[PDB]
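Taking it in order: structure first as structure tokens, then the write-up.
Letters A, B, ... mirror the listed sequences (proteins, then strands); counts begin at 1. Reckoned from all heavy atoms, side chains included, excluding hydrogens, waters and symmetry mates.
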Amino acid sequence: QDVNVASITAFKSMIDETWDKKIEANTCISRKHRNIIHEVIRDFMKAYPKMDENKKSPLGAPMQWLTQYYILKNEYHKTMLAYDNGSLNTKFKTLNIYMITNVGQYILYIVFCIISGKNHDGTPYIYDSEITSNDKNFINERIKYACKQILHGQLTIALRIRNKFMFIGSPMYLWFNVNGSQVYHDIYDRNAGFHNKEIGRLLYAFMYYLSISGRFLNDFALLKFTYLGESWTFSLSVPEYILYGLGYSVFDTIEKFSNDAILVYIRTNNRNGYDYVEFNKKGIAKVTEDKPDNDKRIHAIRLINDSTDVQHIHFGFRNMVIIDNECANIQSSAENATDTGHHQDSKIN
Amino acid sequence: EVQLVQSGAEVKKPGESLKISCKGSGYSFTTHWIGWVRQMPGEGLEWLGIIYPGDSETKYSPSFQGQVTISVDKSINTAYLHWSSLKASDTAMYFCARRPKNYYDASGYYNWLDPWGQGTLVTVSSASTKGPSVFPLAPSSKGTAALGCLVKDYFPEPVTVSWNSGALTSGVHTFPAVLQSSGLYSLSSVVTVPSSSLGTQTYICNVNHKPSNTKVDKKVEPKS
Amino acid sequence: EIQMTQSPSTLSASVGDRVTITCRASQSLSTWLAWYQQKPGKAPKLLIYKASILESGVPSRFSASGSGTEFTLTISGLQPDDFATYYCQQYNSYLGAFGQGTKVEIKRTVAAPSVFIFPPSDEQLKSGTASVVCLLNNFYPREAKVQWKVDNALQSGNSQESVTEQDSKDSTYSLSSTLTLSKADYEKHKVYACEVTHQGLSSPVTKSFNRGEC
Amino acid sequence: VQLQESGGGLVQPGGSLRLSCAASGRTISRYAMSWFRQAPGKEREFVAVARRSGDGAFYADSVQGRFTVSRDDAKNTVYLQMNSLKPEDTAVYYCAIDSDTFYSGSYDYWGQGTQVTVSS
């Protein structure tokens, strides 16, 4: 198995640093820490990336990331939970959504749940004896439940603490047959407090975009991402909170279905701006620059064409499509997206 | 207040169609799922499937998909369970129950609500209505003696058995009927009595089968 | 859904006892487990939901706890109307499978069965079938073994049992076992025997007859 | 498979004894274990059964409230505490294994018994 110990080391250091850091009103997860989280989830997936032929889902659900049968033999899972004589597992066992007040608690709880295949209620996403089931009624619903609980749990914290910007996404494989509009309306129609402009703004932005742009756009797809067989399509600009939230990388397989220009932002630069790679033609868009370190790495795409609904153009505005590293200045809607700062940026090609 | 009222007992043959009903009152009928669950004789409980009455969305257990249809008539607050072709193995008690619209949400799961319906017994047999044959279980020639009546091959339930037109009740056991592979029921009724009474006291079982308008009175004596 | 294991299948207890029924699963159900009570001919009745919360109206002698993989229902002082069958049920599902059930019955002193055998009547033989009936009367506890031997050959698959409910007065069981043969088969053999084992019997009890003898 | 009873003796009415049966050649934790007794010129009669731990103890009506059966699975041993003894309790007492794990009373293996005498 391909086990990237580097992201386990970085994750451990992040939790040590932030364990007793109180979540205040504007507290957010830094670029470095977001990239560590992102790496951890992707490395977890890569260690045991496919189901076994004798134990697979006839619905095509990716059980290798959803069941104890696979996760307990995933060497990345095992190495992470055993790291430092199991000290993160010891801390993890003290946590639940209702008592979390600190950054490191929040990150450890959300991420260890995901890379253990556990809901916040402690149930596994899917049961082992259900791997081979063709009953879509409970297979699809279990995954909707798991996806919604990742996001709603975080909104429950944000509302209790009155925090604006903490955010970890539900990774792309947990959207198996999940309707984004229903997720959004289910959660927001049921809790008026989540609508407060000072509560859960990146969670809101992530779910809102997914409520208006479905996973598979068929003939309207302009872009397609694939990581370990999990695909996703887009026809708008793709903000960093989407790529970070879903666990996609600008180094994954990216296919263009139109001749529209895209600006693929990949790293911060040394003049307070960002460096991007431009692609134009149909076909595979391959970033061949070195992968930036966690301090500097960005994942974001601005799509340029003449047919985007005016109400959706703001997703590509510079200071919305990339998450501000100064927490209080993060943008999350058309009412505060701005498009200044381009002087500081550079086309790499 | 809240009630789920199910339709009456059914007696059917294999291959016949059947629709049973669950009438919900005292709550918001269109916004609670109705589920159907069955209990075969002497067994536990097994779900068949559920329906959301507001838009008739259905979810069937794979064991029953394609073999039953669940439906609703909103105008009369009624949910239905339908077979186009019954099997003898469909003999069971059928219950309905209601559940909140969001039986899960992002914070957890919600149980089925009380009260359930009272149950509808469905009996599926190739038999037609048939009165019992009654045979003596004669007291052994070998201070307490047992004797009885074998009540064989009747359909459908129930049979009632008295002894000596009700005068003899002490020591009577009338066993639950057993469904035979023939599709007919059979049972025994026994009574223990003093051995010294066998020569002097007359024992007669009275076997009543209302569905066939049959009453059999059978004397039980030692065999000569 | 996942397989649950409910135990014991029969719990013999007295009014006033503290009794515990257990349900286990190989993976966590969190709190998504209910407990039901069912009496003969009636619908199940909810006692507990969310693993430990009493349904409204349920008496406080009922309580329950859960760890996710192990769940216990405790009746702290059985009362006279608590003899019934109990089921756990998972409900983190659009359906929600039930456990196998636990019958809580009235405990009493051991009584070995009185055993009686009845040959087929001449009238029945005239119709071409022979029913042979074995009676086990007024015994406790419930477990018993009843074997038919025809000319000392053990029979299988040609008998059916029926058992009464616990007697309303003395709380014993009675049981019939009926051996069914064709007239032709019945007349091919001589010795018909019912052999009974029960924890209250030191040695099996056999009752038997020879076909055609009085 | 050996069963050896012990702990009998002679006691005065109102006295107490504790019988033991030690099993060897097989672990008995999986089986009900019963006590029976036989007085001269009478048939053997049931006294008590300890089913598996958790499944309970059951008693004859002649000993209720006076005798207690129990087991020590770790020691492969069963016990019969006998209190408030009466002359009519005089008998040889036997322990037997129920071979049927479903408790039908398949008593294949028996001890040779041990003598109890209650006499004024």
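- Note on residues 42-54 of chain B: no pairs pass side-chain hydrogen bond (donor to acceptor under 3.5 Å, both in side chains), not counting sequence neighbours.
- No other option in C:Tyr94, C:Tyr87, C:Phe116 has as many heavy-atom pairs under 4.5 Å with chain B as C:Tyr94.
- Comparing C:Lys45, C:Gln38, C:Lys42, C:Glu165 by heavy-atom pairs within less than 4.5 Å of chain B, the highest count is held by C:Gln38.
- In this structure, the side chain of C:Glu1 engages the main chain of C:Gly96 through a donor-acceptor pair within 3.5 Å.
- Contact count against chain C (heavy-atom pairs under 4.5 Å) is highest for B:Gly108 among B:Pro115, B:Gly35, B:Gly108, B:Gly44.
- A salt bridge links B:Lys215 to B:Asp217: one of the charged nitrogens lies within less than 4.0 Å of a carboxylate oxygen.
- With salt bridges taken as basic N to acidic carboxylate O contacts below 4.0 Å, one links C:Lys149 and C:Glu195.
- Using a 30° and 60° split on the angle between ring planes, C:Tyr86 and C:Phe62 fall in the tilted class, from 30° to 60°.
- With chain C as the partner, the residue from B:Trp33, B:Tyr110, B:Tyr104 showing the most heavy-atom pairs under 4.5 Å is B:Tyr110.
- Both tests pass for B:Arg99 against the ring of B:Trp112: distance under 6.0 Å to the centre and angle within 45° of the axis.
- Among pairs with a residue in residues 121-143 of chain C, those fulfilling salt bridge (charged side-chain N to carboxylate O under 4.0 Å, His left out) read B:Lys218-C:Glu123, B:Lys223-C:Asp122, C:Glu143-D:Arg51, at least two apart in sequence or across chains.
- Applying the ring-ring contact (aromatic ring centres under 6.0 Å, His included) test to B:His32 and every residue at least two apart in sequence or in another chain returns B:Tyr27.
- Residues from residues 150-157 of chain B that place a non-hydrogen atom less than 4.5 Å from a non-hydrogen atom of chain C comprise B:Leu150, B:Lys152, given in numerical order.
- The residue among B:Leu121, B:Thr144, B:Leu45 with the most heavy atom pairs within less than 4.5 Å of chain C is B:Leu45.
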